[PDB]
Amino acid sequence: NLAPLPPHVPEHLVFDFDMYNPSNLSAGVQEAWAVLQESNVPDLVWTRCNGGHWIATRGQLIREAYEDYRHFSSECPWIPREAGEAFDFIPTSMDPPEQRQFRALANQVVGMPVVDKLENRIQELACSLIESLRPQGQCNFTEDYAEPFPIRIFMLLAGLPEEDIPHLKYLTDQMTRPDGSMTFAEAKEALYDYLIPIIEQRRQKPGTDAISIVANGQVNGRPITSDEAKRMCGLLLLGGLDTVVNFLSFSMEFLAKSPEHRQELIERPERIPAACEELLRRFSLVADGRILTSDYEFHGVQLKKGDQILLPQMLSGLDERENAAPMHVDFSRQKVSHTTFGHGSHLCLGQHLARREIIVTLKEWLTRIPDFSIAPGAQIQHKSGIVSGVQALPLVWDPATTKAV
Ligand code: HEM
Ligand SMILES: CC1=CC[C@@H]2C[C@H]1C2(C)C
Ligand SMILES: [K+]
């Protein structure tokens, strides 16, 4: 159940939060983690769950720890420990200075520039899917939109056949939210097995997909190795199949239950980008961490070299010390403060692709299906993990209230 409290961890700082099955899941995953920001929970606690680790509960500490890579290394960023030890993805598993040369290469295959290209391809698919769904008056949002819209765009960017989705998506999820049929190590090895012949094939005969660009690129001037390309592409694949997919679902679940929120977007489409940020904060969903490089006193707490500390990017924006009424969605919110795309030298390279997907989704869905609700009676279930998400989201609406556009 719980790991024996290490001698150096204060008994009064213990708070056994379980990141893969938080107590409050029924109330909502963001709410379940929010329990860590309650009146008498300190800024830093120790949970004996998942092997034992620190958890920074407030954005101030979260931001600081992410900026201080000397003490909090990305070397072992995943929890549980075994998983963090096998996590060798590039460039997320490296700290500056060595990280940059690779981060630059990755920025080349998913950055703004690549996204402006993809713009029309992304609108076409969003419309394509929504219009095909419009007349039915119902859908399984997670499988009929949330998953194929972002994944197909990534599989297109990566130059990979769509039939590979079921397999890759299953591996990916075992890494963020393991159902237990596979360890992080097994999921990664299969992802590395998938790529290897594809990376060797595109190095032998260069194309113009994100994969070829990576296997054939350079780092600070020198040629990338096969193995280095593999570690980077696995990360890219990981960032493309399980982030926006889940986020679209928290956003649309909320919109289906907020008629007033929907109207505002119908009435004033010019605020969709702003709503996109507010939702990015409200339904933040990533939580990874770092490992202590040496013994280090942090905010009055003694951390030992080797201790893992989970720094929930999700919690910053939900922190009342960052945004008043944090649990409240307000598209007109003055200063939207958050760390949903991370913080420090590891800032999300895919955020520009993420915002673009989210915004076109908001624009095109509302423009064709302005009124919809959650299937009557449905009991929505979230799952918590490195990346939290929605199990299923049944949606219904009346086709008479829609419009081809
Ligand atoms: C709503 C969507 C997304 C969210 C909230 C998100 C969140 C994050 C977070 C929190 C990190 C930092 C991890 C750390 O510091 O350990 C990160 C890194 C990264 N993400 Fe995103 N991500 C999203 C979408 C994407 C997409 C679509 C891609 C590309 C296909 C992507 C690619 C990356 C990469 C390559 C990194 C690594 C940066 C580095 O390690 O320097 N992400 N992301
Ligand atoms: C967007 C992402 C790609 C890979 C893992 C999931 C995040 C990360 C925590 C860095
Ligand atoms: K590692």
# chains A, B, ... in the order shown; residues from 1 in each chain; ligands from 1

call {"tool": "closest_atom_pairs", "arguments": {"of": "chain A", "to": "ligand 1", "cutoff": "8 Å", "atoms": "only C-alpha atoms and all ligand atoms", "output": "CSV"}}
result
residue,atom,partner,partner_atom_place_in_ligand_line,distance
A:66,CA,ligand 1,15 (O),7.1
A:74,CA,ligand 1,16 (O),6.4
A:77,CA,ligand 1,16 (O),6.2
A:90,CA,ligand 1,40 (O),6.8
A:91,CA,ligand 1,40 (O),4.6
A:92,CA,ligand 1,40 (O),3.0
A:93,CA,ligand 1,40 (O),6.7
A:94,CA,ligand 1,40 (O),7.4
A:99,CA,ligand 1,41 (O),7.0
A:100,CA,ligand 1,41 (O),7.5
A:103,CA,ligand 1,41 (O),5.3
A:106,CA,ligand 1,35 (C),6.2
A:107,CA,ligand 1,35 (C),7.3
A:110,CA,ligand 1,29 (C),6.0
A:150,CA,ligand 1,27 (C),7.7
A:154,CA,ligand 1,30 (C),6.4
A:232,CA,ligand 1,35 (C),7.8
A:235,CA,ligand 1,35 (C),6.2
A:236,CA,ligand 1,30 (C),5.1
A:237,CA,ligand 1,30 (C),6.3
A:238,CA,ligand 1,30 (C),7.2
A:239,CA,ligand 1,31 (C),4.0
A:240,CA,ligand 1,30 (C),3.6
A:241,CA,ligand 1,27 (C),7.4
A:242,CA,ligand 1,24 (C),7.9
A:243,CA,ligand 1,2 (C),4.6
A:244,CA,ligand 1,1 (C),4.2
A:245,CA,ligand 1,1 (C),7.8
A:246,CA,ligand 1,1 (C),7.8
A:247,CA,ligand 1,1 (C),5.6
A:248,CA,ligand 1,1 (C),8.0
A:280,CA,ligand 1,1 (C),7.1
A:284,CA,ligand 1,5 (C),6.5
A:285,CA,ligand 1,5 (C),6.2
A:286,CA,ligand 1,10 (C),5.3
A:287,CA,ligand 1,10 (C),6.7
A:288,CA,ligand 1,16 (O),5.7
A:289,CA,ligand 1,16 (O),6.2
A:290,CA,ligand 1,16 (O),7.6
A:313,CA,ligand 1,10 (C),5.7
A:339,CA,ligand 1,10 (C),7.1
A:340,CA,ligand 1,5 (C),4.9
A:341,CA,ligand 1,7 (C),4.0
A:342,CA,ligand 1,10 (C),3.8
A:343,CA,ligand 1,15 (O),6.3
A:344,CA,ligand 1,15 (O),7.1
A:345,CA,ligand 1,41 (O),6.2
A:346,CA,ligand 1,41 (O),3.6
A:347,CA,ligand 1,12 (C),5.5
A:348,CA,ligand 1,18 (C),3.8
A:349,CA,ligand 1,33 (C),4.6
A:350,CA,ligand 1,28 (C),3.6
A:351,CA,ligand 1,24 (C),5.5
A:353,CA,ligand 1,27 (C),5.7
A:354,CA,ligand 1,2 (C),5.0
A:355,CA,ligand 1,1 (C),7.3

call {"tool": "write_last_selection", "arguments": {"atoms": "C-alpha atoms", "output": "compact mmCIF listing (two decimals), in the first residue's frame"}}
result
# COMPACT_ATOMS: atom_id res chain seq x y z
CA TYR A 66 11.45 24.02 -12.62
CA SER A 74 14.98 16.06 -15.58
CA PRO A 77 11.28 12.96 -14.37
CA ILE A 90 15.32 13.18 -25.67
CA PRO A 91 15.29 16.00 -24.86
CA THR A 92 13.01 15.86 -21.91
CA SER A 93 15.32 13.58 -19.94
CA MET A 94 18.29 15.94 -20.16
CA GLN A 99 19.60 19.57 -23.65
CA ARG A 100 19.51 22.60 -25.89
CA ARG A 103 15.62 20.79 -28.09
CA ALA A 106 12.96 18.99 -32.04
CA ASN A 107 11.75 22.61 -32.22
CA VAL A 110 6.88 20.84 -34.42
CA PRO A 150 -5.17 15.52 -33.01
CA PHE A 154 0.43 14.26 -35.78
CA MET A 232 13.66 12.03 -29.66
CA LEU A 235 9.14 11.64 -27.18
CA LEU A 236 7.57 13.40 -30.15
CA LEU A 237 5.17 10.51 -30.61
CA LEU A 238 4.39 10.66 -26.88
CA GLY A 239 3.69 14.39 -27.00
CA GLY A 240 1.42 13.98 -30.03
CA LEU A 241 -0.93 11.20 -29.02
CA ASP A 242 -1.85 11.89 -25.42
CA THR A 243 -2.01 15.63 -24.60
CA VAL A 244 -4.40 17.62 -26.79
CA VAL A 245 -6.47 14.44 -27.12
CA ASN A 246 -7.34 14.47 -23.44
CA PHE A 247 -7.56 18.26 -23.17
CA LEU A 248 -10.15 18.57 -25.91
CA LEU A 280 -5.86 25.62 -20.66
CA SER A 284 -4.57 21.84 -16.87
CA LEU A 285 -3.66 18.21 -17.02
CA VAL A 286 0.02 17.41 -16.92
CA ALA A 287 2.09 16.52 -13.87
CA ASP A 288 5.67 15.34 -14.03
CA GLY A 289 8.76 15.87 -11.87
CA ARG A 290 12.45 16.00 -11.13
CA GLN A 313 2.32 21.84 -13.90
CA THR A 339 2.24 26.45 -16.19
CA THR A 340 0.10 24.11 -18.26
CA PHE A 341 2.82 23.82 -20.92
CA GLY A 342 5.47 23.54 -18.26
CA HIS A 343 7.98 25.99 -16.92
CA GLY A 344 11.76 26.55 -17.29
CA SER A 345 14.10 25.13 -20.01
CA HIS A 346 11.68 22.38 -20.91
CA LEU A 347 8.78 24.61 -22.09
CA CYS A 348 6.40 22.70 -24.34
CA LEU A 349 7.60 22.63 -27.91
CA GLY A 350 4.15 21.63 -29.07
CA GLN A 351 2.16 24.38 -27.47
CA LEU A 353 0.35 23.17 -32.36
CA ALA A 354 -1.74 22.61 -29.28
CA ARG A 355 -3.34 26.07 -29.25

call {"tool": "closest_atom_pairs", "arguments": {"of": "chain A", "to": "ligand 3", "cutoff": "7 Å", "atoms": "only C-alpha atoms and all ligand atoms", "output": "tab-separated table"}}
result
residue	atom	partner	partner_atom_place_in_ligand_line	distance
A:75	CA	ligand 3	1 (K)	5.0
A:76	CA	ligand 3	1 (K)	4.6
A:84	CA	ligand 3	1 (K)	5.4
A:85	CA	ligand 3	1 (K)	3.8
A:86	CA	ligand 3	1 (K)	4.9
A:87	CA	ligand 3	1 (K)	4.3
A:88	CA	ligand 3	1 (K)	4.8
A:93	CA	ligand 3	1 (K)	6.3

call {"tool": "residues_around", "arguments": {"residues": "residue 165 of chain A", "least_positions_apart": "2", "cutoff": "10 Å", "atoms": "only C-alpha atoms", "output": "number ranges by chain"}}
result
A: 147-148, 151-152, 155, 160-163, 167-171, 241

call {"tool": "closest_residue", "arguments": {"among": "A:327, A:395, A:36, A:311", "to": "ligand 2", "atoms": "only C-alpha atoms and all ligand atoms"}}
result
A:311

call {"tool": "residues_around", "arguments": {"residues": "residue 139 of chain A", "least_positions_apart": "6", "cutoff": "8 Å", "atoms": "only C-alpha atoms", "output": "VMD selection string"}}
result
chain A and resid 133 394 to 396

call {"tool": "select_by_dssp", "arguments": {"residues": "segment 121-304 of chain A", "states": "strand (DSSP E or B)", "output": "PyMOL selection string"}}
result
chain A and resi 138-140+218-219+222-223+286+288-292+296-298+301-303

call {"tool": "residues_around", "arguments": {"residues": "residue 137 of chain A", "least_positions_apart": "4", "cutoff": "7 Å", "atoms": "only C-alpha atoms", "output": "PyMOL selection string"}}
result
chain A and resi 396-399

call {"tool": "closest_residue", "arguments": {"among": "A:39, A:384, A:225, A:323", "to": "residue 26 of chain A", "atoms": "only C-alpha atoms"}}
result
A:384
